[PDB]
Amino acid sequence: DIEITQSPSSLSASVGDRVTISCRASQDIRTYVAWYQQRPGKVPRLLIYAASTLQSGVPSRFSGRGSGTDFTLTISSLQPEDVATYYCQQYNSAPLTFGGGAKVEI
Amino acid sequence: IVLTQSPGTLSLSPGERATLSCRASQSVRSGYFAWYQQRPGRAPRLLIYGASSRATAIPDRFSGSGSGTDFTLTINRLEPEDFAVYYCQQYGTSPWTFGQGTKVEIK
Amino acid sequence: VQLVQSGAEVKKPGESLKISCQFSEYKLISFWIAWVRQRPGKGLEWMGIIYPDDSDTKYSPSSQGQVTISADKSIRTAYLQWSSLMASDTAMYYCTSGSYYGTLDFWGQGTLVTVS
Amino acid sequence: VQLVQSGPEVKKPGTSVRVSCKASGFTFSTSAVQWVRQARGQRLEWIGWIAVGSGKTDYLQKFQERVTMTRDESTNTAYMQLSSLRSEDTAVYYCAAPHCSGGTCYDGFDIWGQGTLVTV
Amino acid sequence: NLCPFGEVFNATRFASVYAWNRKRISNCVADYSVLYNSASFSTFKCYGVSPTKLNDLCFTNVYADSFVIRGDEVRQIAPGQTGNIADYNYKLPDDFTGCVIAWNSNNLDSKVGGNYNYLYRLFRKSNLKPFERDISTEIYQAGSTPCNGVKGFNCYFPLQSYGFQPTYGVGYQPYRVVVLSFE
């Protein structure tokens, strides 16, 4: 399989701060990493396609970056709306594995 | 299949016939048994196929007869050139298994 | 495409289960449905994928022999079929669909499975 | 027709060796490459084999989990990826492929590459 | 009286290259404008006819052969080519008079974990005669020893799956190919 290891499980930042969440893959996946956001109660929401492309309806605050082994989701000035958990999925190859969680609390 | 080579070590002279008898546990799928010669340092070279059909470029001094479980390799004019370790193999549906080598010894 | 699921389930460890998910009238043959599992507190896990139009199913190694995934095209519903359950299956199950690349764009509400 | 292996790959325990055999002259699409192992002063030990056409690999059960085998038919080669090396894998590795010229293989593994000594 | 071309190019699924589908077109009014004046076709290459001149000619039969191959193997769909597809799956005559239309169909025929519905023949004793195909699944005999139906050494299965995946490179991504031959 392909193993995904993420950033620290817990991140805390102030409102308006810039937040980075990075995850790395065991093998080499070209750019096929999606980024999902799951609010504490709601269903997870897909944010980012192959790391760069956003999703319709997502504010342009979120930004994807990286390639090969390491990928990164970055958030500009924060709001209380973004206190969710963030997962990075690799959809290269078979078993599309998920990373860990990146809890964010203001 | 767990093959074996009965003659152990051949302590012969380069004048007499060398017999290499190879005995399996089960049988083999048709003509998939094969013989190989490995000189002390050289990579093994293929000699024989299922029953008698020798490989290309093999000198005529190498011949062998056998079917089913039992197989045999014969050397008529044993030579200093022919002093190596001879290995069995089967290509059956099982994981292919070699045989414990037989070393031919001079005098 | 919208995805509506069956509902909350309460079972016993030996019980077997059927979980349903409806489709909103797909158009392409490359219309896959993935089932993902989120145990309480733990993160999302990708169980398996199915293509209803040809009904071709792929499983993750973890859930190969444990679960089954079917899809009745006529009534337009996929199912996660559980054999004899375990206490380790008290999770939230999501029926998802998305792009042909395998990304999970569309999510249905969660089916909450509890076994005691 | 000929077949040449890689060079010696003396490594440390726990590493992984990618042993390569490159073949010339064959219609390699029909050939099969078997991989065998022989310690110093010991008997040959079969490892596995590759059907290059279908690319279907059959391993020995002892080596089933540790080792994988691939082809890369574009370069007409054959690769053996051996995982964490226990101390026993200090042996000479051999490829064997038959005369498969003209879409018709020749029974028997006659063509053998010069061995590669891998030390653990 | 338009032609069934809508049921060929816009078909749901395409046959495997080793068992390529053939459909006959006759007693019909053919509109090749809808084909050439479409950007969906990555490859649109005609031999013996001009794409604009096509509407100006009449033929007694038009054979549409549909299948699915890789991106790298599109080149083999041409008169006088050598390769897996040309030698063992689909051979075109050297005096070919017709068009070849191939377009990338990754978002149709490639599926997560590998699409194993598409197969191609690996081996055959002799190359295919032009416009001739065999759907035989008998265990290929590579050497002298009779196989007797036991797969193994020199007893290879003749068909191999493409295993299409959506994350493959453009070379290995599936391409749907329709070959129009005019007679």
# chains A, B, ... in the order shown; residues from 1 in each chain; ligands from 1
>>> select_by_dssp(residues="stretch 2-174 of chain E", states="strand (DSSP E or B)", output="PyMOL selection string")
chain E and resi 2+16+21-25+29+43-47+62-69+98-104+115+119-121+152+155+159-161+164
>>> write_last_selection(atoms="N, CA, C and O atoms", output="compact mmCIF listing (two decimals), in the first residue's frame")
# COMPACT_ATOMS: atom_id res chain seq x y z
N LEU E 2 -29.86 9.03 -42.09
CA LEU E 2 -28.51 9.16 -41.57
C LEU E 2 -27.95 7.79 -41.19
O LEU E 2 -28.68 6.80 -41.08
N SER E 16 -12.85 -5.39 -26.62
CA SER E 16 -11.41 -5.51 -26.45
C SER E 16 -10.74 -5.61 -27.81
O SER E 16 -11.35 -6.06 -28.79
N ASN E 21 -14.95 -5.11 -32.37
CA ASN E 21 -16.27 -5.19 -32.98
C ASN E 21 -16.23 -4.63 -34.39
O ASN E 21 -15.52 -3.66 -34.67
N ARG E 22 -17.00 -5.24 -35.28
CA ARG E 22 -17.13 -4.78 -36.66
C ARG E 22 -18.59 -4.55 -36.98
O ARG E 22 -19.43 -5.42 -36.72
N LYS E 23 -18.91 -3.39 -37.54
CA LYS E 23 -20.26 -3.07 -37.96
C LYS E 23 -20.25 -2.63 -39.41
O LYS E 23 -19.36 -1.89 -39.84
N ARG E 24 -21.25 -3.08 -40.16
CA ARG E 24 -21.37 -2.79 -41.58
C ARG E 24 -22.31 -1.62 -41.80
O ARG E 24 -23.36 -1.52 -41.15
N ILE E 25 -21.93 -0.73 -42.71
CA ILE E 25 -22.72 0.44 -43.07
C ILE E 25 -22.95 0.39 -44.57
O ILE E 25 -21.99 0.34 -45.35
N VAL E 29 -27.02 7.39 -46.02
CA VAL E 29 -26.42 8.68 -46.31
C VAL E 29 -25.47 9.03 -45.18
O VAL E 29 -25.90 9.24 -44.04
N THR E 43 -6.78 11.84 -32.49
CA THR E 43 -6.18 11.33 -33.71
C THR E 43 -7.28 11.13 -34.75
O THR E 43 -8.25 10.42 -34.49
N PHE E 44 -7.10 11.74 -35.91
CA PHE E 44 -8.04 11.62 -37.03
C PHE E 44 -7.19 11.56 -38.29
O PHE E 44 -6.85 12.60 -38.86
N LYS E 45 -6.84 10.36 -38.72
CA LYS E 45 -5.86 10.21 -39.78
C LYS E 45 -6.42 9.31 -40.88
O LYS E 45 -6.84 8.19 -40.61
N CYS E 46 -6.42 9.82 -42.11
CA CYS E 46 -7.04 9.13 -43.23
C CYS E 46 -5.99 8.77 -44.27
O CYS E 46 -5.07 9.55 -44.54
N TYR E 47 -6.13 7.58 -44.84
CA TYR E 47 -5.23 7.07 -45.87
C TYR E 47 -6.05 6.78 -47.12
O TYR E 47 -7.07 6.08 -47.05
N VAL E 62 -19.07 0.36 -45.82
CA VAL E 62 -18.18 1.00 -44.87
C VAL E 62 -18.14 0.14 -43.62
O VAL E 62 -19.17 -0.08 -42.97
N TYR E 63 -16.96 -0.36 -43.28
CA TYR E 63 -16.77 -1.20 -42.11
C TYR E 63 -16.20 -0.36 -40.98
O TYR E 63 -15.14 0.24 -41.14
N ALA E 64 -16.91 -0.32 -39.86
CA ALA E 64 -16.47 0.41 -38.68
C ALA E 64 -16.03 -0.62 -37.65
O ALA E 64 -16.85 -1.39 -37.14
N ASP E 65 -14.73 -0.64 -37.36
CA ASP E 65 -14.15 -1.55 -36.38
C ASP E 65 -13.79 -0.75 -35.13
O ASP E 65 -12.99 0.18 -35.20
N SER E 66 -14.38 -1.12 -34.01
CA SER E 66 -14.21 -0.40 -32.76
C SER E 66 -13.49 -1.27 -31.75
O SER E 66 -13.76 -2.47 -31.63
N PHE E 67 -12.55 -0.66 -31.03
CA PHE E 67 -11.84 -1.33 -29.94
C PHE E 67 -11.20 -0.28 -29.04
O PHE E 67 -11.37 0.92 -29.24
N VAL E 68 -10.47 -0.76 -28.04
CA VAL E 68 -9.81 0.09 -27.05
C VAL E 68 -8.37 -0.37 -26.90
O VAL E 68 -8.11 -1.56 -26.70
N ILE E 69 -7.43 0.58 -26.99
CA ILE E 69 -6.01 0.26 -26.88
C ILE E 69 -5.33 1.28 -25.98
O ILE E 69 -5.99 2.11 -25.36
N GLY E 98 -9.02 4.19 -45.99
CA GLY E 98 -9.98 4.49 -44.95
C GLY E 98 -9.38 5.41 -43.91
O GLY E 98 -8.24 5.85 -44.03
N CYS E 99 -10.15 5.66 -42.86
CA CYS E 99 -9.76 6.59 -41.81
C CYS E 99 -9.66 5.87 -40.47
O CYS E 99 -10.25 4.82 -40.26
N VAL E 100 -8.88 6.46 -39.57
CA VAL E 100 -8.70 5.97 -38.21
C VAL E 100 -8.96 7.12 -37.26
O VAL E 100 -8.34 8.19 -37.39
N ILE E 101 -9.87 6.92 -36.32
CA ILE E 101 -10.27 7.94 -35.36
C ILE E 101 -10.05 7.39 -33.97
O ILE E 101 -10.71 6.42 -33.57
N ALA E 102 -9.17 8.01 -33.21
CA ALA E 102 -8.86 7.57 -31.86
C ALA E 102 -8.94 8.75 -30.92
O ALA E 102 -8.38 9.81 -31.20
N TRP E 103 -9.64 8.57 -29.80
CA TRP E 103 -9.73 9.64 -28.82
C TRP E 103 -9.54 9.07 -27.42
O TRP E 103 -9.91 7.93 -27.14
N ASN E 104 -8.94 9.88 -26.55
CA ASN E 104 -8.68 9.46 -25.19
C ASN E 104 -9.99 9.27 -24.45
O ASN E 104 -10.85 10.16 -24.44
N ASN E 115 -8.94 -1.44 -14.66
CA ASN E 115 -10.04 -1.97 -15.47
C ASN E 115 -9.55 -3.24 -16.15
O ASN E 115 -8.67 -3.19 -17.02
N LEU E 119 -8.80 -6.68 -22.73
CA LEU E 119 -7.72 -7.64 -22.87
C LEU E 119 -7.10 -7.51 -24.25
O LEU E 119 -7.74 -7.03 -25.19
N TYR E 120 -5.85 -7.93 -24.36
CA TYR E 120 -5.18 -7.99 -25.65
C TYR E 120 -4.35 -9.27 -25.72
O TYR E 120 -3.87 -9.77 -24.71
N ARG E 121 -4.20 -9.79 -26.94
CA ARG E 121 -3.46 -11.02 -27.13
C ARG E 121 -1.96 -10.77 -27.08
O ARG E 121 -1.46 -9.81 -27.68
N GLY E 152 1.83 -22.70 -17.32
CA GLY E 152 3.16 -22.82 -16.75
C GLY E 152 4.21 -22.40 -17.75
O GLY E 152 3.98 -21.53 -18.58
N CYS E 155 3.68 -22.40 -21.67
CA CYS E 155 2.26 -22.71 -21.80
C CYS E 155 1.44 -21.49 -21.41
O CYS E 155 0.54 -21.58 -20.57
N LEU E 159 -3.99 -14.12 -23.41
CA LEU E 159 -4.64 -12.84 -23.21
C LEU E 159 -4.14 -12.17 -21.94
O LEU E 159 -4.05 -12.82 -20.89
N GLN E 160 -3.82 -10.89 -22.03
CA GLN E 160 -3.38 -10.10 -20.89
C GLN E 160 -4.26 -8.87 -20.76
O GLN E 160 -4.61 -8.23 -21.76
N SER E 161 -4.63 -8.55 -19.53
CA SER E 161 -5.48 -7.41 -19.26
C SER E 161 -4.68 -6.11 -19.29
O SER E 161 -3.54 -6.06 -18.83
N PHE E 164 -6.41 -0.82 -16.94
CA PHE E 164 -6.47 0.64 -17.04
C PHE E 164 -6.73 1.27 -15.68
O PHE E 164 -7.64 0.86 -14.96
>>> residues_around(residues="residue A:58", least_positions_apart="2", cutoff="10 Å", atoms="only C-alpha atoms", output="mmCIF file with C-alpha atoms, in the first residue's frame")
data_model
loop_
_atom_site.group_PDB
_atom_site.id
_atom_site.type_symbol
_atom_site.label_atom_id
_atom_site.label_comp_id
_atom_site.auth_asym_id
_atom_site.auth_seq_id
_atom_site.Cartn_x
_atom_site.Cartn_y
_atom_site.Cartn_z
ATOM 1 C CA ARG A 45 -16.138 18.311 2.670
ATOM 2 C CA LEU A 46 -13.752 17.982 -0.249
ATOM 3 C CA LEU A 47 -11.611 21.110 -0.459
ATOM 4 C CA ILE A 48 -8.747 20.495 -2.875
ATOM 5 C CA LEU A 54 -9.721 24.263 -5.360
ATOM 6 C CA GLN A 55 -13.377 23.199 -5.282
ATOM 7 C CA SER A 56 -16.376 25.247 -6.372
ATOM 8 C CA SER A 60 -9.919 31.043 -2.065
ATOM 9 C CA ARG A 61 -8.367 31.278 1.388
ATOM 10 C CA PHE A 62 -7.291 27.634 1.190
#
>>> interface_residues(of="chain B", to="chain E", cutoff="12 Å", atoms="only C-alpha atoms", output="number ranges by chain")
B: 29-33, 49-51, 53, 90-96
>>> residues_around(residues="residue A:9", least_positions_apart="5", cutoff="10 Å", atoms="only C-alpha atoms", output="PyMOL selection string")
chain A and resi 21+85-86+100-104
>>> interface_residues(of="chain D", to="chain E", cutoff="10 Å", atoms="only C-alpha atoms", output="list in words")
residues 29, 30, 31, 32, 49, 50, 51, 52, 53, 54, 55, 56, 58, 98, 99, 100, 102, 103, 104, 105, 106, 107 and 108 of chain D
>>> interface_residues(of="chain A", to="chain E", cutoff="8 Å", atoms="only C-alpha atoms", output="JSON, numbers by chain")
{"A": [32, 92, 93, 94, 95]}
>>> residues_around(residues="residue B:37", least_positions_apart="5", cutoff="10 Å", atoms="only C-alpha atoms", output="PyMOL selection string")
chain B and resi 42-48+82-88+101-102
>>> write_last_selection(atoms="N, CA, C and O atoms", output="short mmCIF file (atom, residue, chain, number, x, y, z; two decimals), in the first residue's frame")
data_model
loop_
_atom_site.label_atom_id
_atom_site.label_comp_id
_atom_site.auth_asym_id
_atom_site.auth_seq_id
_atom_site.Cartn_x
_atom_site.Cartn_y
_atom_site.Cartn_z
N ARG B 42 32.16 -21.67 -12.93
CA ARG B 42 31.33 -21.17 -14.02
C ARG B 42 29.85 -21.25 -13.68
O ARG B 42 29.42 -22.04 -12.84
N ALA B 43 29.07 -20.41 -14.35
CA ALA B 43 27.62 -20.49 -14.24
C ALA B 43 27.13 -21.79 -14.88
O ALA B 43 27.71 -22.26 -15.86
N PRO B 44 26.08 -22.40 -14.33
CA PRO B 44 25.62 -23.69 -14.86
C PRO B 44 25.15 -23.57 -16.30
O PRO B 44 24.57 -22.57 -16.70
N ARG B 45 25.42 -24.62 -17.07
CA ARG B 45 25.01 -24.70 -18.46
C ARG B 45 24.07 -25.88 -18.63
O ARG B 45 24.28 -26.95 -18.04
N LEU B 46 23.05 -25.70 -19.45
CA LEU B 46 21.97 -26.67 -19.61
C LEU B 46 22.42 -27.79 -20.53
O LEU B 46 22.93 -27.53 -21.62
N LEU B 47 22.21 -29.04 -20.11
CA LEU B 47 22.63 -30.20 -20.89
C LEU B 47 21.45 -30.93 -21.52
O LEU B 47 21.42 -31.12 -22.74
N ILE B 48 20.48 -31.35 -20.72
CA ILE B 48 19.49 -32.35 -21.12
C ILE B 48 18.10 -31.78 -20.86
O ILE B 48 17.91 -30.89 -20.03
N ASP B 82 35.23 -32.86 -18.31
CA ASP B 82 33.94 -33.17 -17.68
C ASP B 82 34.18 -33.57 -16.22
O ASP B 82 34.28 -34.74 -15.87
N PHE B 83 34.28 -32.56 -15.36
CA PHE B 83 34.44 -32.76 -13.92
C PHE B 83 33.79 -31.55 -13.25
O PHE B 83 34.42 -30.51 -13.07
N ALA B 84 32.52 -31.70 -12.89
CA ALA B 84 31.73 -30.56 -12.43
C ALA B 84 30.70 -31.07 -11.44
O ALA B 84 30.82 -32.17 -10.90
N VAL B 85 29.68 -30.25 -11.19
CA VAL B 85 28.55 -30.62 -10.34
C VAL B 85 27.30 -30.58 -11.20
O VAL B 85 27.02 -29.56 -11.85
N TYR B 86 26.54 -31.67 -11.21
CA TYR B 86 25.40 -31.81 -12.09
C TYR B 86 24.11 -31.73 -11.29
O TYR B 86 23.96 -32.43 -10.28
N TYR B 87 23.19 -30.88 -11.74
CA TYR B 87 21.99 -30.56 -10.99
C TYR B 87 20.75 -30.98 -11.78
O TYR B 87 20.71 -30.87 -13.01
N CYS B 88 19.75 -31.45 -11.06
CA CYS B 88 18.45 -31.80 -11.61
C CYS B 88 17.55 -30.58 -11.56
O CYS B 88 17.81 -29.64 -10.81
N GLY B 101 23.61 -31.36 -5.41
CA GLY B 101 24.55 -31.57 -6.49
C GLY B 101 25.37 -32.83 -6.31
O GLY B 101 25.61 -33.30 -5.21
N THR B 102 25.79 -33.39 -7.44
CA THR B 102 26.70 -34.53 -7.47
C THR B 102 28.02 -34.09 -8.06
O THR B 102 28.08 -33.62 -9.20
#
